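Contents: one structure, followed by commentary.
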Amino acid sequence: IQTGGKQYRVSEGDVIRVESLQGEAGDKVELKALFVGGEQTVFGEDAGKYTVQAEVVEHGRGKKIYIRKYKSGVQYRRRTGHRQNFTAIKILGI
Amino acid sequence: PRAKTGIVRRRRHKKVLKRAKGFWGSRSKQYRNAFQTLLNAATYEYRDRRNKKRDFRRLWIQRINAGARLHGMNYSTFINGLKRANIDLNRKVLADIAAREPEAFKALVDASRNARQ
Amino acid sequence: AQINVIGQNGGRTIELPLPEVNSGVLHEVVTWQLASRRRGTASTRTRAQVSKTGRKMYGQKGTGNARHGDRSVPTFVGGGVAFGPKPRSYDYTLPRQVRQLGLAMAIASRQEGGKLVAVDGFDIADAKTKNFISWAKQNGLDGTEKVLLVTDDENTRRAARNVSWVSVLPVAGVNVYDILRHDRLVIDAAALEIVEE
Amino acid sequence: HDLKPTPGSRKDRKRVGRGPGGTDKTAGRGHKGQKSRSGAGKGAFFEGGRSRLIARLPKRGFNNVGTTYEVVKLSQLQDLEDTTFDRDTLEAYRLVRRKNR
Amino acid sequence: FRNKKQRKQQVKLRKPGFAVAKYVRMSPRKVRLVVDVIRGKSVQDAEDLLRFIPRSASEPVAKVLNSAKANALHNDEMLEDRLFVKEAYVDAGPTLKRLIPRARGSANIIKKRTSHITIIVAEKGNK
RNA sequence: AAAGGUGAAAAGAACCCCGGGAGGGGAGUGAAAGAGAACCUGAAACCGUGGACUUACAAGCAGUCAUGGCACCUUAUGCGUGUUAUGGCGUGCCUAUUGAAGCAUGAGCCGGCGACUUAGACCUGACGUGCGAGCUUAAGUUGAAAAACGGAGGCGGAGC
RNA sequence: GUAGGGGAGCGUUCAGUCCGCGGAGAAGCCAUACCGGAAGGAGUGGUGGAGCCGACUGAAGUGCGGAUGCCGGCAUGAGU
Ligand SMILES: [Mg+2]
Ligand SMILES: [Mg+2]
Ligand SMILES: [Mg+2]
């Protein structure tokens, strides 16, 4: 989301912002802000009673985008490259 | 010695020409217009990158008071309750709940109504 | 600080450039040598003047789309060269002291592996070439390395032609480029080598 | 055979600060050099003049070119260099040489 | 397969039922109009239509069709009663430029365009 | 003015077919004819033929972002690649200007050609190296598949 | 961030040196979803049919969208 997710998911391998804990395993725990993993509809802090476990899968770089900037008749043209650093995490959690 | 252009121009020209994929008429065929089109596209590319970030929040906000009103509330009111019940910090993906899980969305409407009244 | 091959075993002399050689100064020298050797024969009719073409055109105004005076200008196909190359030098007088320190520093680098002083080629006999091959083989000169022979003796010279091998240099007319160009230096004639001032 | 670098003519490096590259008038598009009107074009305008202070200032003068002497300090002879003899030929060999003066 | 060098000597590259009238002194545009009716039609209709299209491009085109027919039979041993205009097109030859004089001293350039009329016949085959 | 190029060798294509011819298809030659005499490569503008997805209630600087539909898997199945529908946004480029989408300038398009250089024993500054209270040589002479010699002279060294 | 000043580099030809490559296929051309912060640079396939990358240093006729720019080819107006 804004780094460090939440919600009832069914154990998927989603990609998020960099996590520091290199290679496989690493293991991460998330606060949780809402859930339906057991039909129980619980949200906020009462959701904090629970915590999702996720395993670090892969560290990566995003697809190459190009920063193009332009202003007319002021001779201004800017071309610079960009690639966004990420972390793939396999959800397991309670 | 004599350093002729040969290859340098054609390579640079073919590059720009290849950015112009499904551009209409001369824009995908002649270098001068192809390159010219791309300057304007540059303006559009940088803008729309931070503009899509306004677009989606708006789509999400729209799907929110669409559901909030379905249970006799509204966005202004529903989000105020979820703010008052501090515990709720959902904000992002509060529209997926509204769209896909009505039962679960009601729970949030009910919780907002309380923290408010 | 090095030994000889045939006809004696002295050497030991010469104060070598400190510390373990500066390539920077060797580079200063090589560039200069290469600049001096260069003959600036730049073929160009730069002048809108030098090229063969008349003097007036198609009137200043009227014509309806133009504005030109002559067919000789650089903006015209066939015309002159705006700033093309004309003949010149590139030759300059590199300070004397820097030329001295030059080959001294160059010798020094060969005096850390591939150096060799020789007193006469009794081993040769005639010109033969076949016999220089023999002589060199005995002294570890198989042909794997580029060798620079600097001898003041005319007959050992005549036994120097051959491939990725030997370049022959006369009457101590030694060159910083020539020594750096080859793997080994057969300094031979101990005339420039040892005893100076 | 393996890929080898090797020192020599191919390893004679620049000298870190030795020679920088010249100015080629195109650092992005936004180089249409000189100024932007009047002090651009051909070769003239000047950098001196004949009123921009000089004329407006005085003198008639009188220039001479009389006799100019080569200085020999006391400090040169004393301190160091024990009487190496001055004379007329041994004065030059020390380091206080010009001729014609 | 081998490599290109070999392929060039092994397989010798054929043009089945293809003919071409190169450098025809007519304008592509103009010539296309006639070719356009002949395309897709059975070599016999093609033959018959051409005899009645009142355009001077008809003669050139008709000739190519007969060359393509002859080639299909004599060279490729195809079946006459099965031949149809699989493909026909007019490509532009090199232009004969000419200088025409206009009023008040000015000149102009007439483009006497030329044509490359190619027609390719094939056997029908519904089944 | 502009214009160069088969092939290693002319072995320069006998013979057959359509055609008055031109031109072509075969046969043969050759490594190649994917070199055939409009003979090396053969870009781009520009003209066509074929296929995919598409288009006859639509207001259009011709893109961009978002999504859906179809289609294709040779840096290529998590992705993409091509195309398309609808929605949002969106005033060509250069120049010149206080102020340009401007109904101000320039330009039909593409290819190639095309604009800050060179000289000087010139001045002044940066950086670098060599020697250092000293530092250099010029013309020339001698060698030169190469550099040595040459202190005439030049600069620091005292100012008013 | 315009004039302008300063910095770091990409690319082209030529040269010297090193390392190589090539008719079991060089350059050039063509296609491409890969790489790099940019200029740019690779892999693969296709075409070509004899030359040529990479690195270090040196030198320049060294980078084009404009100049009613020059040369050439080809469009529009128009089957008028
Ligand atoms: Mg000329
Ligand atoms: Mg005006
Ligand atoms: Mg132009």
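The way I read the labels, and the way they are meant: chains A, B, ... in the order of the structure tokens, residue 1 as the first residue of every chain, and ligand 1 as the first ligand shown, with later ones counted on from there.
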Select all residues from chain E having any atom no more than 10 Å from an atom of chain G (counting only C-alpha atoms (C1' of nucleotides), ignoring ligands), output as a count of residues only. 6
Residues at most 7 Å from ligand 1, using only C-alpha atoms (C1' of nucleotides) and all ligand atoms? Could they come as a PyMOL selection string? chain C and resi 51+78-79
Compile the residues of chain A that lie within 8 Å of chain D, evaluated using only C-alpha atoms, and express the compilation as a PyMOL selection string. chain A and resi 74-77
Given only C-alpha atoms (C1' of nucleotides) and all ligand atoms, how would the per-residue table for chain F near ligand 3 read, listing every residue at most 12 Å away with its closest atom pair and distance in Å to one decimal, sorted by chain and number, as CSV?
```
residue,atom,partner,partner_atom_place_in_ligand_line,distance
F:106,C1',ligand 3,1 (Mg),10.7
F:107,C1',ligand 3,1 (Mg),7.6
F:108,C1',ligand 3,1 (Mg),11.2
F:109,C1',ligand 3,1 (Mg),9.8
F:110,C1',ligand 3,1 (Mg),9.7
F:111,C1',ligand 3,1 (Mg),10.6
F:112,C1',ligand 3,1 (Mg),11.2
F:113,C1',ligand 3,1 (Mg),11.0
F:114,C1',ligand 3,1 (Mg),10.2
```
Take the residues from that selection and write them out as a PDB file, in the first residue's frame, keeping N, CA and C atoms (P, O5', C5', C4', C3', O3' and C1' of nucleotides).
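Result file is part-v6.pdb:
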```
ATOM      1  P     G F 106       7.729  34.108 -43.862  1.00  0.00           P
ATOM      2  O5'   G F 106       8.619  32.803 -43.681  1.00  0.00           O
ATOM      3  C5'   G F 106       9.989  32.838 -44.050  1.00  0.00           C
ATOM      4  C4'   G F 106      10.710  31.685 -43.402  1.00  0.00           C
ATOM      5  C3'   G F 106      10.167  30.309 -43.684  1.00  0.00           C
ATOM      6  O3'   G F 106      10.603  29.876 -44.920  1.00  0.00           O
ATOM      7  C1'   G F 106      10.499  30.511 -41.445  1.00  0.00           C
ATOM      8  P     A F 107       9.563  29.731 -46.126  1.00  0.00           P
ATOM      9  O5'   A F 107       9.582  28.157 -46.409  1.00  0.00           O
ATOM     10  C5'   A F 107      10.789  27.370 -46.469  1.00  0.00           C
ATOM     11  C4'   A F 107      10.644  26.186 -45.541  1.00  0.00           C
ATOM     12  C3'   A F 107       9.451  25.299 -45.856  1.00  0.00           C
ATOM     13  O3'   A F 107       9.727  24.349 -46.885  1.00  0.00           O
ATOM     14  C1'   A F 107       9.478  25.780 -43.559  1.00  0.00           C
ATOM     15  P     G F 108       8.998  24.479 -48.320  1.00  0.00           P
ATOM     16  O5'   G F 108       7.915  23.291 -48.294  1.00  0.00           O
ATOM     17  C5'   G F 108       6.842  23.269 -47.336  1.00  0.00           C
ATOM     18  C4'   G F 108       6.094  21.962 -47.439  1.00  0.00           C
ATOM     19  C3'   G F 108       6.950  20.759 -47.132  1.00  0.00           C
ATOM     20  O3'   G F 108       6.848  20.475 -45.764  1.00  0.00           O
ATOM     21  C1'   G F 108       6.060  20.527 -49.264  1.00  0.00           C
ATOM     22  P     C F 109       8.157  20.276 -44.850  1.00  0.00           P
ATOM     23  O5'   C F 109       8.373  18.727 -45.141  1.00  0.00           O
ATOM     24  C5'   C F 109       7.527  17.696 -44.654  1.00  0.00           C
ATOM     25  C4'   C F 109       7.854  16.444 -45.434  1.00  0.00           C
ATOM     26  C3'   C F 109       9.280  15.962 -45.284  1.00  0.00           C
ATOM     27  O3'   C F 109       9.516  15.349 -44.061  1.00  0.00           O
ATOM     28  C1'   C F 109       8.710  15.906 -47.529  1.00  0.00           C
ATOM     29  P     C F 110      10.869  15.666 -43.255  1.00  0.00           P
ATOM     30  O5'   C F 110      11.814  14.546 -43.898  1.00  0.00           O
ATOM     31  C5'   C F 110      11.547  13.152 -43.792  1.00  0.00           C
ATOM     32  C4'   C F 110      12.350  12.392 -44.834  1.00  0.00           C
ATOM     33  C3'   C F 110      13.860  12.578 -44.800  1.00  0.00           C
ATOM     34  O3'   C F 110      14.451  11.738 -43.843  1.00  0.00           O
ATOM     35  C1'   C F 110      13.119  12.827 -47.018  1.00  0.00           C
ATOM     36  P     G F 111      15.804  12.119 -43.093  1.00  0.00           P
ATOM     37  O5'   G F 111      16.950  11.989 -44.217  1.00  0.00           O
ATOM     38  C5'   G F 111      17.552  10.710 -44.466  1.00  0.00           C
ATOM     39  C4'   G F 111      18.288  10.641 -45.784  1.00  0.00           C
ATOM     40  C3'   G F 111      19.552  11.467 -45.857  1.00  0.00           C
ATOM     41  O3'   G F 111      20.634  10.842 -45.183  1.00  0.00           O
ATOM     42  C1'   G F 111      18.292  11.994 -47.714  1.00  0.00           C
ATOM     43  P     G F 112      21.346  11.497 -43.884  1.00  0.00           P
ATOM     44  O5'   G F 112      22.496  12.424 -44.523  1.00  0.00           O
ATOM     45  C5'   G F 112      23.572  11.747 -45.157  1.00  0.00           C
ATOM     46  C4'   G F 112      23.998  12.405 -46.438  1.00  0.00           C
ATOM     47  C3'   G F 112      24.612  13.772 -46.259  1.00  0.00           C
ATOM     48  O3'   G F 112      25.966  13.692 -45.806  1.00  0.00           O
ATOM     49  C1'   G F 112      23.003  13.895 -47.937  1.00  0.00           C
ATOM     50  P     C F 113      26.593  14.814 -44.835  1.00  0.00           P
ATOM     51  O5'   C F 113      26.808  16.013 -45.870  1.00  0.00           O
ATOM     52  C5'   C F 113      27.813  16.176 -46.861  1.00  0.00           C
ATOM     53  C4'   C F 113      27.725  17.600 -47.389  1.00  0.00           C
ATOM     54  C3'   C F 113      27.779  18.739 -46.365  1.00  0.00           C
ATOM     55  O3'   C F 113      29.082  19.082 -46.023  1.00  0.00           O
ATOM     56  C1'   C F 113      25.917  19.090 -47.678  1.00  0.00           C
ATOM     57  P     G F 114      29.578  19.377 -44.535  1.00  0.00           P
ATOM     58  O5'   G F 114      28.830  20.701 -44.074  1.00  0.00           O
ATOM     59  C5'   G F 114      29.256  21.989 -44.575  1.00  0.00           C
ATOM     60  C4'   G F 114      28.261  23.104 -44.311  1.00  0.00           C
ATOM     61  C3'   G F 114      27.916  23.300 -42.846  1.00  0.00           C
ATOM     62  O3'   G F 114      28.820  24.148 -42.096  1.00  0.00           O
ATOM     63  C1'   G F 114      25.929  23.044 -44.067  1.00  0.00           C
TER      64        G F 114
END
```
Counting only C-alpha atoms (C1' of nucleotides), collect the residues of chain B whose closest atom lies at most 6 Å from chain G, and write them out as a PyMOL selection string. chain B and resi 1-3
12 Å shell around ligand 2 using only C-alpha atoms (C1' of nucleotides) and all ligand atoms, listed as number ranges by chain: F: 95-97, 104-106
Output file for the selection above: C-alpha atoms (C1' of nucleotides), as a PDB file, in the first residue's frame:
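Wrote it out as part-v4.pdb, contents follow:
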```pdb
ATOM      1  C1'   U F  95      12.483  32.514 -34.097  1.00  0.00           C
ATOM      2  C1'   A F  96      11.436  37.121 -32.267  1.00  0.00           C
ATOM      3  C1'   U F  97       9.308  39.273 -27.812  1.00  0.00           C
ATOM      4  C1'   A F 104       3.617  37.653 -36.601  1.00  0.00           C
ATOM      5  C1'   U F 105       8.652  34.848 -39.154  1.00  0.00           C
ATOM      6  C1'   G F 106      10.499  30.511 -41.445  1.00  0.00           C
TER       7        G F 106
END
```
Using only C-alpha atoms (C1' of nucleotides), which residue out of G:22, G:45, G:1, G:72 lies closest to chain A?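 The shortest atom-to-atom distance to chain A comes from G:1.
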Can you list, as an MDAnalysis selection string, every protein, DNA or RNA residue that comes within 8 Å of residue 51 (chain A) when you count only C-alpha atoms (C1' of nucleotides), leaving out same-chain residues fewer than 6 positions away? chainID A and resid 29:32 93:94
Save out the residues we just selected, N, CA, C and O atoms, as a PDB file, in the first residue's frame.
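Written file, selection-v4.pdb:
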```pdb
ATOM      1  N   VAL A  29       6.269  -9.407   9.531  1.00  0.00           N
ATOM      2  CA  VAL A  29       4.986  -9.380  10.237  1.00  0.00           C
ATOM      3  C   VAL A  29       4.262  -8.053   9.971  1.00  0.00           C
ATOM      4  O   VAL A  29       4.913  -7.006   9.972  1.00  0.00           O
ATOM      5  N   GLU A  30       2.932  -8.095   9.711  1.00  0.00           N
ATOM      6  CA  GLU A  30       2.141  -6.890   9.409  1.00  0.00           C
ATOM      7  C   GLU A  30       0.959  -6.709  10.348  1.00  0.00           C
ATOM      8  O   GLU A  30       0.183  -7.648  10.535  1.00  0.00           O
ATOM      9  N   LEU A  31       0.797  -5.482  10.887  1.00  0.00           N
ATOM     10  CA  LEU A  31      -0.235  -5.074  11.851  1.00  0.00           C
ATOM     11  C   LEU A  31      -1.662  -5.535  11.581  1.00  0.00           C
ATOM     12  O   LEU A  31      -2.330  -5.914  12.547  1.00  0.00           O
ATOM     13  N   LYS A  32      -2.143  -5.461  10.307  1.00  0.00           N
ATOM     14  CA  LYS A  32      -3.517  -5.795   9.862  1.00  0.00           C
ATOM     15  C   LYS A  32      -4.527  -4.726  10.261  1.00  0.00           C
ATOM     16  O   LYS A  32      -4.607  -4.364  11.437  1.00  0.00           O
ATOM     17  N   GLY A  93       0.539 -15.586   6.800  1.00  0.00           N
ATOM     18  CA  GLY A  93      -0.152 -15.076   7.991  1.00  0.00           C
ATOM     19  C   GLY A  93      -1.473 -15.565   8.559  1.00  0.00           C
ATOM     20  O   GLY A  93      -2.354 -16.039   7.831  1.00  0.00           O
ATOM     21  N   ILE A  94      -1.631 -15.347   9.904  1.00  0.00           N
ATOM     22  CA  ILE A  94      -2.808 -15.687  10.730  1.00  0.00           C
ATOM     23  C   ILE A  94      -4.054 -15.041  10.124  1.00  0.00           C
ATOM     24  O   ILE A  94      -3.989 -13.906   9.664  1.00  0.00           O
TER      25      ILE A  94
END
```
Among chain E, which residues carry a DSSP assignment of helix (DSSP H, G or I), reported as a PyMOL selection string? chain E and resi 4-10+28-38+43-50+58-75+80-82+103-105
Dump as JSON lines the rows for residues of chain F within 8 Å of chain B: closest atom pair and distance in Å with one decimal, only C-alpha atoms (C1' of nucleotides) counted, ordered by chain and rising residue number.
```
{"residue": "F:45", "atom": "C1'", "partner": "B:30", "partner_atom": "CA", "distance": 7.8}
{"residue": "F:62", "atom": "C1'", "partner": "B:24", "partner_atom": "CA", "distance": 6.8}
{"residue": "F:63", "atom": "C1'", "partner": "B:41", "partner_atom": "CA", "distance": 5.9}
{"residue": "F:64", "atom": "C1'", "partner": "B:44", "partner_atom": "CA", "distance": 4.9}
{"residue": "F:65", "atom": "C1'", "partner": "B:48", "partner_atom": "CA", "distance": 5.3}
{"residue": "F:66", "atom": "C1'", "partner": "B:52", "partner_atom": "CA", "distance": 7.5}
{"residue": "F:88", "atom": "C1'", "partner": "B:55", "partner_atom": "CA", "distance": 7.9}
{"residue": "F:89", "atom": "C1'", "partner": "B:48", "partner_atom": "CA", "distance": 7.9}
{"residue": "F:90", "atom": "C1'", "partner": "B:44", "partner_atom": "CA", "distance": 7.4}
{"residue": "F:92", "atom": "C1'", "partner": "B:36", "partner_atom": "CA", "distance": 7.4}
{"residue": "F:93", "atom": "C1'", "partner": "B:36", "partner_atom": "CA", "distance": 6.3}
{"residue": "F:109", "atom": "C1'", "partner": "B:30", "partner_atom": "CA", "distance": 7.4}
{"residue": "F:110", "atom": "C1'", "partner": "B:30", "partner_atom": "CA", "distance": 7.3}
```
Which residue out of D:51, D:84, D:63, D:76 has the minimum interatomic distance to chain F when only C-alpha atoms (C1' of nucleotides) are used?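 Counting only C-alpha atoms (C1' of nucleotides), the residue closest to chain F is D:76.
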Exercise: residue 8 (chain A) partners within 9 Å, only C-alpha atoms (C1' of nucleotides), chain neighbours under 4 positions left out, as a PyMOL selection string: chain A and resi 32+34-37
Using the selection just defined, write its residues with C-alpha atoms as a PDB file, in the first residue's frame.
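Once written, selection_24.pdb looks like this:
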```
ATOM      1  CA  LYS A  32      -3.517  -5.795   9.862  1.00  0.00           C
ATOM      2  CA  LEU A  34      -9.386  -5.309   8.485  1.00  0.00           C
ATOM      3  CA  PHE A  35     -10.094  -9.053   7.891  1.00  0.00           C
ATOM      4  CA  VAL A  36     -12.688 -11.756   6.818  1.00  0.00           C
ATOM      5  CA  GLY A  37     -10.420 -14.845   7.281  1.00  0.00           C
TER       6      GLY A  37
END
```
For chain C, which residues have at least one atom within 10 Å of chain G, if we go by only C-alpha atoms (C1' of nucleotides)? Write them as a CSV table (one decimal) with C-alpha atoms, in the first residue's frame, please.
```csv
chain,number,residue,atom,x,y,z
C,27,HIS,CA,53.6,10.4,-22.0
C,30,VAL,CA,55.9,10.3,-26.5
C,31,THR,CA,53.2,12.8,-27.5
C,34,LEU,CA,54.7,11.9,-32.4
C,35,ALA,CA,53.8,15.6,-32.9
C,42,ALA,CA,45.9,19.2,-45.0
C,43,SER,CA,44.2,19.1,-48.4
C,44,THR,CA,41.4,21.8,-48.4
C,46,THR,CA,38.8,26.5,-47.2
C,64,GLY,CA,11.0,35.2,-55.5
C,65,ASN,CA,12.6,33.0,-52.8
C,66,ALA,CA,16.6,32.8,-52.7
C,67,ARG,CA,19.3,35.4,-51.3
C,68,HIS,CA,22.7,34.3,-52.5
C,71,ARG,CA,28.2,29.5,-55.8
C,73,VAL,CA,30.3,29.8,-50.3
C,74,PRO,CA,30.4,26.8,-47.8
C,75,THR,CA,26.5,26.6,-47.6
C,76,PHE,CA,26.7,25.5,-51.3
C,77,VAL,CA,27.4,22.0,-52.5
C,78,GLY,CA,30.6,22.2,-54.5
C,79,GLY,CA,31.7,25.4,-52.7
C,81,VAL,CA,35.0,24.7,-46.7
C,82,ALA,CA,34.1,26.9,-43.7
C,83,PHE,CA,37.2,26.3,-41.5
C,84,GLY,CA,38.7,23.2,-43.2
C,85,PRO,CA,42.3,22.1,-42.7
C,90,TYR,CA,52.3,20.7,-34.6
C,180,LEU,CA,58.6,1.8,-25.1
C,181,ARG,CA,57.3,0.3,-28.4
```
Residues of chain A in strand (DSSP E or B) according to DSSP, as number ranges by chain? A: 13-17, 28-30, 34-35, 42-43, 52-61, 65-71, 76-82, 85-91
Please provide as a ChimeraX atom specification all residues within 8 Å of residue 116 (chain B), with the sequence filter that same-chain residues fewer than 3 positions apart are discarded (counting only C-alpha atoms (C1' of nucleotides)). /B:80-81,84,112-113
Could you make a table, as JSON lines, of the residues of chain D that have an atom within 12 Å of an atom of chain G, each with its nearest atom pair and distance in Å to one decimal, counting only C-alpha atoms (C1' of nucleotides), in chain and number order?
```
{"residue": "D:1", "atom": "CA", "partner": "G:20", "partner_atom": "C1'", "distance": 9.7}
{"residue": "D:2", "atom": "CA", "partner": "G:19", "partner_atom": "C1'", "distance": 8.9}
{"residue": "D:3", "atom": "CA", "partner": "G:19", "partner_atom": "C1'", "distance": 6.1}
{"residue": "D:4", "atom": "CA", "partner": "G:19", "partner_atom": "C1'", "distance": 6.7}
{"residue": "D:5", "atom": "CA", "partner": "G:18", "partner_atom": "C1'", "distance": 6.7}
{"residue": "D:6", "atom": "CA", "partner": "G:18", "partner_atom": "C1'", "distance": 7.1}
{"residue": "D:7", "atom": "CA", "partner": "G:18", "partner_atom": "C1'", "distance": 8.8}
{"residue": "D:8", "atom": "CA", "partner": "G:17", "partner_atom": "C1'", "distance": 7.9}
{"residue": "D:9", "atom": "CA", "partner": "G:17", "partner_atom": "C1'", "distance": 5.1}
{"residue": "D:10", "atom": "CA", "partner": "G:17", "partner_atom": "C1'", "distance": 4.6}
{"residue": "D:11", "atom": "CA", "partner": "G:56", "partner_atom": "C1'", "distance": 6.0}
{"residue": "D:12", "atom": "CA", "partner": "G:57", "partner_atom": "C1'", "distance": 6.7}
{"residue": "D:13", "atom": "CA", "partner": "G:57", "partner_atom": "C1'", "distance": 6.7}
{"residue": "D:14", "atom": "CA", "partner": "G:57", "partner_atom": "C1'", "distance": 7.2}
{"residue": "D:15", "atom": "CA", "partner": "G:57", "partner_atom": "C1'", "distance": 11.1}
{"residue": "D:19", "atom": "CA", "partner": "G:58", "partner_atom": "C1'", "distance": 11.5}
{"residue": "D:21", "atom": "CA", "partner": "G:9", "partner_atom": "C1'", "distance": 11.5}
{"residue": "D:22", "atom": "CA", "partner": "G:60", "partner_atom": "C1'", "distance": 11.7}
{"residue": "D:24", "atom": "CA", "partner": "G:62", "partner_atom": "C1'", "distance": 9.7}
{"residue": "D:25", "atom": "CA", "partner": "G:63", "partner_atom": "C1'", "distance": 11.0}
{"residue": "D:26", "atom": "CA", "partner": "G:63", "partner_atom": "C1'", "distance": 9.0}
{"residue": "D:27", "atom": "CA", "partner": "G:39", "partner_atom": "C1'", "distance": 11.0}
{"residue": "D:28", "atom": "CA", "partner": "G:39", "partner_atom": "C1'", "distance": 9.9}
{"residue": "D:29", "atom": "CA", "partner": "G:64", "partner_atom": "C1'", "distance": 10.7}
{"residue": "D:30", "atom": "CA", "partner": "G:2", "partner_atom": "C1'", "distance": 9.2}
{"residue": "D:31", "atom": "CA", "partner": "G:3", "partner_atom": "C1'", "distance": 10.4}
{"residue": "D:32", "atom": "CA", "partner": "G:3", "partner_atom": "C1'", "distance": 10.7}
{"residue": "D:33", "atom": "CA", "partner": "G:3", "partner_atom": "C1'", "distance": 10.1}
{"residue": "D:34", "atom": "CA", "partner": "G:4", "partner_atom": "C1'", "distance": 10.0}
{"residue": "D:35", "atom": "CA", "partner": "G:3", "partner_atom": "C1'", "distance": 7.6}
{"residue": "D:36", "atom": "CA", "partner": "G:3", "partner_atom": "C1'", "distance": 8.0}
{"residue": "D:37", "atom": "CA", "partner": "G:3", "partner_atom": "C1'", "distance": 11.6}
```
Given only C-alpha atoms as the counted atoms, nearest of A:83, A:55, A:48, A:62 to residue 22 (chain A):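 Among the listed residues, A:55 lies closest to residue 22 (chain A).
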Counting only C-alpha atoms, which residues in region 96-127 of chain E sit no more than 6 Å from region 76-85 of chain E? For each one, give the nearest pair of atoms and the distance in Å, sorted by chain then residue number, as a Markdown table.
```
| residue | atom | partner | partner_atom | distance |
| --- | --- | --- | --- | --- |
| E:121 | CA | E:85 | CA | 4.9 |
| E:122 | CA | E:83 | CA | 5.3 |
| E:123 | CA | E:83 | CA | 4.6 |
| E:124 | CA | E:82 | CA | 5.5 |
```
Selection to disk with C-alpha atoms, as an mmCIF file, in the first residue's frame:
```cif
data_model
loop_
_atom_site.group_PDB
_atom_site.id
_atom_site.type_symbol
_atom_site.label_atom_id
_atom_site.label_comp_id
_atom_site.auth_asym_id
_atom_site.auth_seq_id
_atom_site.Cartn_x
_atom_site.Cartn_y
_atom_site.Cartn_z
ATOM 1 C CA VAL E 121 -1.765 -16.852 -62.194
ATOM 2 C CA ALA E 122 -2.562 -19.844 -60.026
ATOM 3 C CA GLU E 123 -4.845 -22.851 -60.021
ATOM 4 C CA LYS E 124 -8.213 -22.177 -58.263
#
```
Go through C:50, C:192, C:179, C:171 one by one, measure the shortest atom-to-atom distance of each to chain D using only C-alpha atoms, and give the residue with the smallest value.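 Among the listed residues, the smallest separation from chain D belongs to C:179.
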